[PDB]
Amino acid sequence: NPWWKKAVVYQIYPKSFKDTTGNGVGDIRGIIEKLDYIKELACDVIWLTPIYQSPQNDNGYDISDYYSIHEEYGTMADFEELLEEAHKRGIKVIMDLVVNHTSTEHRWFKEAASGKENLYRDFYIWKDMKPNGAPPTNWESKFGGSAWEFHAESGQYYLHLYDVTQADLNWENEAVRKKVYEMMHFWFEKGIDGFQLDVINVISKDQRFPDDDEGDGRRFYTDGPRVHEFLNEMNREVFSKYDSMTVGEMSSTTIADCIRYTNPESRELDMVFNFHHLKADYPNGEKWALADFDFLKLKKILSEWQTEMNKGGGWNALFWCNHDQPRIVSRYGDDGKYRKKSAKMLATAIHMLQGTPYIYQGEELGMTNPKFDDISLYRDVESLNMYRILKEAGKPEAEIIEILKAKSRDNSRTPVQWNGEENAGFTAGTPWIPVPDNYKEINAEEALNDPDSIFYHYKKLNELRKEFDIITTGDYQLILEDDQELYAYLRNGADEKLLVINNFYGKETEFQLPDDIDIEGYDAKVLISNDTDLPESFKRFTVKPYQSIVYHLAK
């Protein structure tokens, strides 16, 4: 019974969490000051997105030194004090591990690029131009364009699956794996409690490097032939030595692989995120296109991941939000009239699944997309570039702004709204990204003083996971699969059940318990609800707009 199984993790994006220095950028001291808040929310893990030394060409995911902290966030002494104060409050700390690639400003790369005969050359993935002048493969970077960048001085291309200054490490090379493990030991011995492993499932490449005539080439590196071998080796060398938690962030992976990644017998990872439920509103897999989410598909994806991982002995990391996705109230809830109720409903819908839940900073306040209506308010380079291109293509300003409001990666990066003071109390200076005007109504101080707040609903869900074992051990059973508005399911235990009923829309609808649900001899009590208007009988009743109810059934 490992500590991570009943944990709730709070995801912090430090640059937007809390500025204590006045430069408008969040810092580690700001995190320390907020530990009591995190503890009050009843999270027992904190996860920091990358804070390592980095040129910042790619939001910190381009690391030039894994052993030091980007100066703006604070000092190593600050970090060590964060670990000490977190641990004092019973809070564990996990870091972001980004080892598929490094910055091309990393010393290994600078050495490696300098000549084909340099000691570090094989730390990266180098290939010759094809005789026909083509790049070594037709693979595409996830940033667009070719995944190979030519280096004139040495006469070869290096592989970058991501941005140009993010060079893929050569995991075929034992020296590299060894270096990475040494670095992980450094952080564990400092006392951190685990890692999120960034796109870890793309580290094994097909060493034949064939062309892809059926896609962009991801089938030659996604969940590749040695990934499970590398993860298990990583587990033997590192993770097995500490009381650790590891969560792998898998890029377009499959359920069968994730079962293998997370089954305790594999000795690979503890849990994984997948992103399938967060592609439910992409029409034709077009990531920037507007569309309504496909509810039935959403329910099918969630259910499949619950039942198959449960069956296979895998473990899911449960989440709606991160620094790259729209805030969920705005995306799948109603950030208008039903902001509070729909935010509570969304939290319940996911937290009553089997898995380890993750809360993204500000999600517990029901923070919304900021709805910035002028390009001068945006920051992310992909947003600025998309605006520039759509403008040149003649799209009216208002239509471009509507796209950015739905899709900009800036949207979940606005500063956490602490209070009703200037810039919501995030900073005394000028924030690196603006705070939208809702902050006067949406902020921690307000939520903390409202017993009916989204915050306290999350706190209660968090404590429930510690109080009721069935949340962890019960199976999952989808019901009302084809219902156009309700997401309802059971968690089945030993003479004990949870019945979870969520209205995903703002209309009234009928719930009726299916005949094949056997609850003879079971007594019902409300475990948690977002509405005091409770049905006389849960077996058939009219569900209110965005109503969410969980019943504890015991025999």
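All residue numbers are counted from 1 along the displayed sequence.
*Going by the B-factors listed in the PDB entry, is the mean over the C-alpha atoms higher for 32-40 or for 490-498?*
It is 490-498.
Task: Entry-level comparison of average CA B-factors, 47-55 and 501-509, reporting the higher stretch - done: In the deposited entry, the stretch with the higher C-alpha B-factor mean is 501-509.
**Prompt:** Of the choices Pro451, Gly474, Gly191, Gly355, which one's C-alpha carries the largest B-factor in the record?
**Reply:** The record points to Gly191.
Requested in this report: Return the residue from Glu445, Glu174, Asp270, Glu463 that has the highest Cα B-factor in the entry.
Outcome: The record points to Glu174.
### Query
Which third, lowest, middle or highest, does the CA B-factor of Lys178 fall in along this chain?
Middle third by C-alpha B-factor.
Original post:
Lowest, middle or highest third of the chain for the C-alpha temperature factor of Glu304?
Top reply: Middle third by C-alpha B-factor.
Would you check the entry's CA temperature factor for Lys544 and let me know if it's in the chain's lowest, middle or highest third?
-> Within its chain, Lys544 is a middle-third residue by C-alpha B-factor, going by the deposited values.
inquiry  = Considering every modelled residue of the chain and its Cα B-factor in the PDB entry, is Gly60 in the lowest, middle or highest third?
reply    = It belongs to the middle third of the chain when residues are ordered by C-alpha B-factor.
For this session: Taking the values exactly as deposited, rank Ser537 by C-alpha B-factor within its chain and report the matching third: lowest, middle or highest.
Result: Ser537: CA B-factor falls in the highest third of its chain.
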